[PDB]
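Take a look at the structure set out below.
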Amino acid sequence: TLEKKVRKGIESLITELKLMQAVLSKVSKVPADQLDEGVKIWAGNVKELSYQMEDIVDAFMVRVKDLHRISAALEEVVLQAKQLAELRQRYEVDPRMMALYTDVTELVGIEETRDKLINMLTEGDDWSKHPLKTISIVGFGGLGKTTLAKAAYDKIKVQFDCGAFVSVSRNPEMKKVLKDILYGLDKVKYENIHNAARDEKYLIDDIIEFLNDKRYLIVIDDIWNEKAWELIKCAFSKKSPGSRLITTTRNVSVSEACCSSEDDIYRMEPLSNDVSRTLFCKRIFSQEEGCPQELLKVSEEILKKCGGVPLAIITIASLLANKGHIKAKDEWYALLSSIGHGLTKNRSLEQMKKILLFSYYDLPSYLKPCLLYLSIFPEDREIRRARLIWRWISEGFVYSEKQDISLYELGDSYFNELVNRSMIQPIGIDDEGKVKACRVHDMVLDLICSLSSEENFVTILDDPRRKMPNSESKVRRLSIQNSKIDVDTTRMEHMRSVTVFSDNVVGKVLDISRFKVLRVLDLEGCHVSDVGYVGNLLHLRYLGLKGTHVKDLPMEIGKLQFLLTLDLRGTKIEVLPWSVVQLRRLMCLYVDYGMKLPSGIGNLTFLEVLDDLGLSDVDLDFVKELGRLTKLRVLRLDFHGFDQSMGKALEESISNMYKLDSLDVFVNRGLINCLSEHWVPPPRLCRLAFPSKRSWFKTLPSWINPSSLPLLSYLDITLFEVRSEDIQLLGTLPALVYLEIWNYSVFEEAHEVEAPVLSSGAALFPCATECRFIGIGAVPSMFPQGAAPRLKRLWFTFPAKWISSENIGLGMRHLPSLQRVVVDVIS
Amino acid sequence: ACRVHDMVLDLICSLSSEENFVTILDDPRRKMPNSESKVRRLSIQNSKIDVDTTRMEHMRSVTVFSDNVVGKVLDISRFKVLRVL
Ligand SMILES: Nc1ncnc2c1ncn2[C@@H]1O[C@H](COP(=O)(O)OP(=O)(O)OP(=O)(O)O)[C@@H](O)[C@H]1O
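Line order of the protein sequences matches chains A and B. With the UniProt record's numbering applied, the first sequence corresponds to residues 24 to 87, 115 to 142, 154 to 888, in that order. Using the UniProt record's numbering, the first residue of the second sequence is number 498, and each one after it goes up by one.
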């Protein structure tokens, strides 16, 4: 009766939201320069309305007395929708092109990189019969990728018969690009080629016929969306030895679409600190950098933030010298402090923010929110990608309608797409075999931070800014920072997410239970233990509590039916409440082994990754429950006290799952009496690690064969003895990028390290970048250099008794960078 | 009789399943629409477990392909409107 109308209004509401997101995605494509300002006001309002409507829908869906308030909110939200509708109806050249015409004798540091590039493509010009090859140059924003190409072009030009410098935009017109290529080749025969409009085809044929029996060196720069370039490639398809191509792009994933070989892809790096200092002083100062002596420290600090981008340095140098160091120690501090909050809103600096925002506008949808989510975290720190992915999934930015996806691999794809688009620097490798953490450039950071503050996406509280937007009623995301002063909490009822960064101001001054709705709650790095009110929260999806001094967890947490993640690492809790099996949806569960897991985990069927499961004092039904839930991807094992046929039971129980890709078992000073040689492994595995070293295997497992688990790229294996046939058996494994084997008997007993011999096969190492051998003598002369084309490091034991022997006749340079190696020699 | 190319077939299958023209129950798929309310045409196939018939009241047509699961799990008589059977 009463509920029927609200149920039949919810679908109308969701359809309305779909149209609203459609139009919002449409308007956000064009840059805010060709967009009339009235439409911008309207779009902002429609965004706020979308927030309100989606909050209503989520409230209803989680809740189902509340029907009365929900219905009232429904009709009034319909009221604002209509009112805004009639209120709206009532009223109705490339910045980086000029940089190309810059003086040659102003570039600093071009010659070394330019000479390296010329000899890495012109090395075959001597005996100019090598087939044509292409060189891609990859970078982000402005790192002279275009300038360097022109510097190389202007030097080696007299030794080719043709040549053209042609550019491609974000959305090229293919006819224009090909006409430009034609016009540059000969300006006399094809003088008015831009007037003639034949088709995409006949002019490609014109190029092909014109490029008969010549060496050209055509350079094509700023290629986005490789689908564009695969049309140009058909212009260069006839064999033409002695001719080459140069390609530049800000998208690394389109470079392997070129030249088909990693050796030709030219990653290029920022300037060094010395060269950056020289360029910075050359623009501002007259002739000597030692004259001021008092803003030198400010100079190096401000130079550190740019890092090595000739762009940021050039813009800062211009802005900081209006007329000979207009002022010192005050405006330089102003520019140091203005990074992060407001430096972008300035003068003659906009000419470089367009060049940066090209990338951001190039993104598809569903990636703009993910990129903007970076504005939450502080300036200079590493962000763990797992935290990003889980926060994204809980926020709602990751979804699809394909049902063959787990929703986490999708987030990883989004992260990788952001990485390859040259917007995040990935560093480190975590235990999952993927990127550990990530960081963003400062000017990209403050740029997107201002862009987010332009709408109500994110609210940031800093001492340098000390500004709080005029409308406190409508705030969704809040990120508290070192500011522990303005902690107002009055008028945030619909509060989307909240986080605290290394601040004791949490708890004592700020209250959380006031927030009726709250999607995520991130609090890692605090030292507060009063969390018992989470039962009152109902829509909470993320609960991060890593290293938070929380003593105990409230029992009534089982009501939190909608939940996704639960991080409890680094805490002092030791027991989990029993009402955790009542909870239904989870995908990750970060629990240290010191904690005790109550029985009933078989209820949690949706689990996708479980970390550091401590198996101590467990009975068999609980052991076999683990194979019931067939959705885990990553699992971690450590134990000390059930080494029985219980081990065999769970050893065959793990095979019941088929979604695994990484595993590891931890046990100290013990043989692995769990794995039997007769057991099929999961069809998918990637890591299969074994962190403990005081444990061992009697023999190498037989089930590790090239037949099964052929996708391995990680071993971390240890065993008691060693046989010269195990290495040959292991080499036939397809990828095995990473290897690590330990000889327990050698480093525990008086065992003379023998020399295993590679009998069968020829190379056995198509790509094994890292190979580590402990307690095993691996001379570099297991095979000639054509065995492991990719091998950067090698570790082995070398007895001193083989120094006078003839079997260690090494000294040759193998194919990869096999020149920095130290061996622990034993007398 | 007539025969259809295989990839044209599944191409048509996706092109028709993007809207609610027809609905297919297959073991390799085990994929169902979240809008269990709006289903018009049913094509039951080798799948004989996911034979749900809760909320399909606007059923234009049904078909069964050499499956003994017909009837014993699914009821036809409840479909108030039916074009073809
Ligand atoms: N090594 C350098 N020394 C001095 N100035 C430089 C150097 N490299 C680039 N610049 C200046 O910085 C800007 C670099 O332009 P760049 O060639 O980076 O564009 P790009 O690499 O194609 O990047 P984008 O993706 O922005 O087009 C230009 O103003 C250029 O003159």
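Note that beta-carbon positions come from the ideal geometry of N, C-alpha and C, so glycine has one too.
From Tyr214/A, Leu381/A, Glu136/A, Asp583/A, residue whose alpha carbon lies closest to that of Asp176/A = Counted from its first residue, the first sequence places residue 176/A at position 115. For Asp176/A, the nearest C-alpha among the options comes from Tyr214/A.
Nearest residue (CA-CA) to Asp260/A, options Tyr251/A, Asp282/A, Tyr244/A, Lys237/A = As a first step, residue 260/A must be located in the first sequence, where it is residue number 199. The candidate whose alpha carbon is nearest that of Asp260/A is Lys237/A.
Looking at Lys49/A and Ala55/A, is the spacing between their C-beta atoms short of 8 Å?
-> Along the first sequence, read from residue 1 onward, the residue named residue 55/A stands at position 32. Along the first sequence, read from residue 1 onward, the residue named residue 49/A stands at position 26. Their beta carbons are not under 8 Å apart, which means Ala55/A does not touch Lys49/A by this criterion.
Alpha carbon of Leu512/A to alpha carbon of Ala66/A, nearest angstrom = Residue 512/A sits at position 451 when you count from the first residue of the first sequence. Residue 66/A sits at position 43 when you count from the first residue of the first sequence. For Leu512/A and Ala66/A, the distance between alpha carbons rounds to 15 Å.
Let me know if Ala258/A comes out buried or exposed under the rule of 16 or more other beta-carbons within 10 Å of its beta-carbon.
-> What you label residue 258/A is simply residue 197 of the first sequence in a count that begins at 1. Classification for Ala258/A: exposed.
Using only the heavy atoms of ligand 1, determine whether one of them is closer than 7 Å to the beta carbon of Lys206/A.
-> Here residue 206/A is taken as the residue at index 145 of the first sequence, counted from 1. Under cutoff, so the answer is yes.
Return the bridge partner residues of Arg538/A from the DSSP annotation.
-> Position 477 of the first sequence, counted from the first residue, corresponds to residue 538/A. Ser558/A.
Does the Cβ of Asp283/A lie closer than 7 Å to at least one heavy atom of ligand 1?
-> Translated into positions along the first sequence, residue 283/A becomes position 222. Checking the Cβ of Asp283/A against ligand 1 gives yes.
How far does the beta strand (DSSP E) with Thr310/A in it reach, from first residue to last?
-> Taking the first sequence and counting its residues from 1, one reaches residue 310/A at position 249. Per DSSP, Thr310/A belongs to the beta strand (DSSP E) from 305 to 310.
Measure the C-alpha to C-alpha separation of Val592/A and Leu658/A and round it to an integer number of angstroms.
-> Indexing the first sequence from 1 puts residue 592/A at position 531. Indexing the first sequence from 1 puts residue 658/A at position 597. Cα to Cα, the separation comes out at about 20 Å.
If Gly822/A and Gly792/A are in contact, beta carbons under 8 Å, what's the gap, nearest whole angstrom?
-> As a position in the first sequence, residue 822/A is number 761, starting the count at 1. As a position in the first sequence, residue 792/A is number 731, starting the count at 1. With a Cβ gap of about 6 Å, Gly822/A and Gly792/A count as contacting.
Neighbourhood of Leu681/A by C-beta, 7 Å cutoff - its chain only, sequence neighbours within 5 removed = If you number the first sequence from 1, residue 681/A lands on position 620. Within the same chain, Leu681/A has close Cβ partners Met707, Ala710.
Does DSSP put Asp564/B in a helix, in a strand, or in coil?
-> Within the second sequence, numbered from 1, the residue matching residue 564/B stands at position 67. Coil.
Under three-state DSSP, which class holds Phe727/A?
-> The count along the first sequence starts at 1 and reaches residue 727/A at position 666. Here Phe727/A sits in strand by DSSP.
State the beta-bridge partners of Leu522/A as determined by DSSP.
-> Position 461 of the first sequence, counting from 1, holds the residue named residue 522/A. Bridge partners of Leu522/A: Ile541/A.
Rounded straight-line distance, which links the Cα of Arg482/A to that of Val501/A | Position 440 of the first sequence, counting from 1, holds the residue named residue 501/A. Position 421 of the first sequence, counting from 1, holds the residue named residue 482/A. Each residue's Cα considered, the two are about 13 Å apart.
Out of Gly385/A, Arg305/A, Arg408/A, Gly401/A, point me to the one whose CA is closest to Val280/A's CA.
-> Sequence index remark: in the first sequence, residue 280/A carries index 219 (1-based). It is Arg305/A whose Cα lies nearest to the Cα of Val280/A.
At 4 residues or longer, and completely inside the stretch 263 to 340 of chain A: list those alpha helix (DSSP H) runs for me, N to C.
-> 263 to 271, 290 to 293
CB contact flag (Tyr422/A, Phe458/A, <8 Å) | Your numbering for residue 422/A matches position 361 in the first sequence. Your numbering for residue 458/A matches position 397 in the first sequence. The answer is no: Cβ separation not under 8 Å.
Tell me, please, which residues DSSP counts as bridged to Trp757/A.
-> Mapped onto the first sequence, residue 757/A falls at position 696. Its beta-bridge partners are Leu732/A.
Cα-Cα separation, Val229/A to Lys358/A = Locating residue 229/A in the first sequence gives position 168, counting from the first residue. Locating residue 358/A in the first sequence gives position 297, counting from the first residue. The alpha-carbon atoms of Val229/A and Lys358/A are separated by roughly 42 Å.
Spatial neighbours of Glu669/A within its chain, please: CB distance less than 7 Å, with the 5 preceding and 5 following residues excluded, ordered by chain position.
-> Working through the first sequence from its first residue, we reach residue 669/A at position 608. Once the five neighbours on either side are set aside, the close Cβ partners of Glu669/A are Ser467, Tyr469, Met648, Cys649, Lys692, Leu693, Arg694.
Contact check, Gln75/A vs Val46/A under 8 Å by CB: the rounded distance?
-> Taking the first sequence and counting its residues from 1, one reaches residue 75/A at position 52. Taking the first sequence and counting its residues from 1, one reaches residue 46/A at position 23. With a Cβ gap of about 16 Å, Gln75/A and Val46/A do not count as contacting.
Measure the C-alpha to C-alpha separation of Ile864/A and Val884/A and round it to an integer number of angstroms.
-> Translated into the one-based positions of the first sequence, residue 864/A becomes position 803. Translated into the one-based positions of the first sequence, residue 884/A becomes position 823. Their backbone Cα atoms lie some 13 Å apart in a straight line.
DSSP beta-bridge partners of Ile450/A = Locating residue 450/A in the first sequence gives position 389, where the first residue counts as 1. In DSSP, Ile450/A forms no bridge with anything.
Hey, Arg697/A and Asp672/A: beta-carbon distance below 8 Å or not?
-> Taking the first sequence and counting its residues from 1, the one referred to as residue 697/A is at position 636. Taking the first sequence and counting its residues from 1, the one referred to as residue 672/A is at position 611. Yes; because the gap between Cβ atoms is below 8 Å, this pair is in contact.
Which partner residues of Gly605/A appear in the DSSP bridge assignment?
-> Counted from its first residue, the first sequence places residue 605/A at position 544. Beta-bridge pairing links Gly605/A to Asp583/A, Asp628/A.
Within its chain, find whatever has a CB closer than 8 Å to the CB of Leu72/A; leave out the 5 residues flanking it on each side and keep chain order.
-> Walking along the first sequence from the start, residue 72/A turns up at place 49. Counting only Cβ-Cβ distances below 8 Å, and skipping sequence neighbours, we find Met43, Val127, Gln130, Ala131, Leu134.
Cβ of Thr309/A within 7 Å of any heavy atom in ligand 1?
-> By one-based count along the first sequence, residue 309/A stands at place 248. Indeed, a heavy atom of ligand 1 lies less than 7 Å from the Cβ.
Let me know the secondary structure DSSP gives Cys649/A once reduced to three states.
-> Numbered from its first residue, the first sequence carries residue 649/A at position 588. Strand.
Select from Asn68/A, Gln139/A, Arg452/A, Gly202/A the residue whose C-alpha is nearest the C-alpha of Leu417/A.
-> Here residue 417/A refers to the residue found at position 356 when the first sequence is read from its first residue. The option with the nearest alpha carbon to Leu417/A is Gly202/A.
So does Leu696/A have its beta carbon nearer than 7 Å to some heavy atom of ligand 1?
-> The residue given as residue 696/A occupies position 635 in the first sequence. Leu696/A Cβ: outside cutoff for every heavy atom of ligand 1.
Identity of the residues DSSP links to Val886/A by a beta bridge = Within the first sequence, numbered from 1, the residue matching residue 886/A stands at position 825. The partner list for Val886/A (beta bridge, DSSP) reads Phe859/A.
Examine ligand 1 and report whether any of its heavy atoms sits within less than 7 Å of the Cβ of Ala796/A.
-> Position 735 of the first sequence, counted from the first residue, corresponds to residue 796/A. Outside the cutoff, so no.
Any non-hydrogen atom of ligand 1 closer than 7 Å to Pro371/A Cβ | For this step, residue 371/A is matched to residue 310 along the first sequence. Yes, the beta carbon of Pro371/A sits closer than 7 Å to at least one heavy atom of ligand 1.
Considering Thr195/A, what are the terminal residues of the beta strand (DSSP E) in which it resides?
-> Along the first sequence, read from residue 1 onward, the residue named residue 195/A stands at position 134. Run containing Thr195/A: 194 to 199, per the beta strand (DSSP E) assignment.
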